[PDB]
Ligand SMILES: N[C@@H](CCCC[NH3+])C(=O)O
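One chain comes next, on its own, written out as structure tokens in the form solved without this ligand.
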């Protein structure tokens, strides 16, 4: 037995061969079906993730997220949020890896990059929610925060909605000015616009910012379109929120993971009895979303491990089909199972 390692090159080759659009569509479709299975009680929500706060160079967190498929495998994503990474080190804010363990033996069976996978499934989740809750003729996307997640927010939403333009804002002028180049492949025209203009004109908004704890909101409490749908994607430290309380109190709010969102999502601001049905329920039974496209709605997205396990399965199917990756004997399996020093 050896661990199947998909390095950065192998992940790059899967995306290159399949294409960004088709790979995102596969993950959207797998996520939709998997969420529906949770909604029907055929699968379980993942347990609450855990994490470690880091104060330097700016406040961040490092988190672990398990998900078990009983009798088959266990997935663990480890992921850091380090929002000084881009300016200070040229590294992405979100840095992680995803591992798979055999449920019968405990053995580490596969290990892959989590940077691209995280961005893909985070965009995909917003696309699943926005298909349910945004107007199907939505034309104008608003983006607050134009870093890494904003790229796959725009990409995923452009595959499920007839987006013609994106109005975008970032507190860093360099980051908002560079977004049009990073977005060009989608064909969606990009225009920089202040948050009040985005609130007024967008049919759908994604907020995906590295705003600090207690420094929200990133979208002002002002006039929005009657049918606005917001993907609240930003999430890291307890106490970090992006939306104004007044808007949230007026909205139909669905969380990807209610217990997690009450701790780390926009639902931190809400009484727990104010939550709409969770996304998995909407996927299994759309009665709860019926009519909500035409009124204010918020998808409170925190991310949970089942989404990473599903996206990893999409990558592993593609990689297995193409015999990609390497095999590394990492775990020591002594020829005598009862002798740790039998370095066989």
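For clarity, a rigid core is taken as the largest C-alpha set superposing within 1.5 Å between two forms. Positions refer to the first chain, counted from 1.
Trainee: Between 117 to 125 and 269 to 277, report the one with more C-alpha displacement in 7 other deposited structures of this protein relative to this form after a rigid core superposition.
Mentor: The more displaced stretch in 7 other deposited structures of this protein turns out to be 269 to 277.
Trainee: Compare 58 to 66 with 288 to 296 and report which one shows the larger root mean square C-alpha deviation from this form in 7 other deposited structures of this protein once the rigid core is superposed.
Mentor: Looking at 288 to 296 and 58 to 66 in 7 other deposited structures of this protein, the bigger mover is 288 to 296.
Trainee: Look over 49 to 57 and 22 to 30 in the entry and identify the one with the greater average Cα temperature factor.
Mentor: In the deposited entry, the stretch with the higher C-alpha B-factor mean is 49 to 57.
Trainee: Taking the recorded C-alpha temperature factors, which stretch has the higher mean, 241 to 249 or 76 to 84?
Mentor: That would be 241 to 249.
Trainee: Per the entry, which of 308, 300, 42, 63 tops the list for Cα B factor?
Mentor: Each of 308, 300, 42, 63 was compared by C-alpha B-factor; the highest is 42.
Trainee: Taking the Cα B-factors listed in the entry, which of 185, 101, 169, 89 comes out highest?
Mentor: Highest C-alpha B-factor among the listed residues goes to 89.
Trainee: Would the CA B-factor of residue 219 place it in the lowest, middle or highest third of its chain?
Mentor: Answer is highest: the recorded C-alpha B-factor places it there.
Trainee: In terms of the CA temperature factor given in the entry, to which third of its chain does residue 131 belong: lowest, middle or highest?
Mentor: Tercile = middle for this residue's CA B-factor.
Trainee: Rank-wise, by C-alpha B-factor, drop residue 162 into the lowest, middle or highest third of its chain.
Mentor: Top third by C-alpha B-factor.
Trainee: Within this chain, which third does the Cα B-factor at residue 263 fall in: lowest, middle or highest?
Mentor: Middle third of the chain for residue 263's C-alpha B-factor.
Trainee: Could you place residue 140 in the lowest, middle or highest third of its chain by Cα temperature factor, using the values in the record?
Mentor: Middle third - that is where residue 140 ends up once the chain's C-alpha B-factors are sorted.
One more form of this protein should be noted, the form solved in complex with this ligand, which is absent from this view; the next part is about it.
Trainee: Of 315 to 323, 283 to 291, 24 to 32, 45 to 53, which is the one stretch near this ligand in the entry with it bound, taking non-hydrogen atoms within 4.5 angstroms as near?
Mentor: Going by heavy atoms within 4.5 Å, the stretch is 45 to 53.
Trainee: Is residue 250 a contact residue for this ligand in the entry with it bound, using a 4.5 Å heavy atom cut-off?
Mentor: Heavy-atom contact with this ligand at 4.5 Å: absent for residue 250.
Trainee: If we define contact as a non-hydrogen atom of the residue within 4.5 angstroms of the partner, is residue 63 a contact of this ligand in the entry with it bound?
Mentor: Result yes; residue 63 sits at the interface with this ligand in the entry with it bound.
Trainee: Look up in the entry with it bound whether residue 197 has a non-hydrogen atom within 4.5 angstroms of this ligand, and give yes or no.
Mentor: Residue 197: no contact with this ligand in the entry with it bound.
Trainee: Would residue 274 count as touching this ligand in the entry with it bound under a 4.5 Å heavy atom rule?
Mentor: Residue 274: no, not in contact with this ligand in the entry with it bound.
Trainee: If you apply a 4.5 angstroms heavy atom cut-off, which residues in 201 to 237 are near this ligand in the entry with it bound?
Mentor: Residue within 4.5 Å: 236 only.
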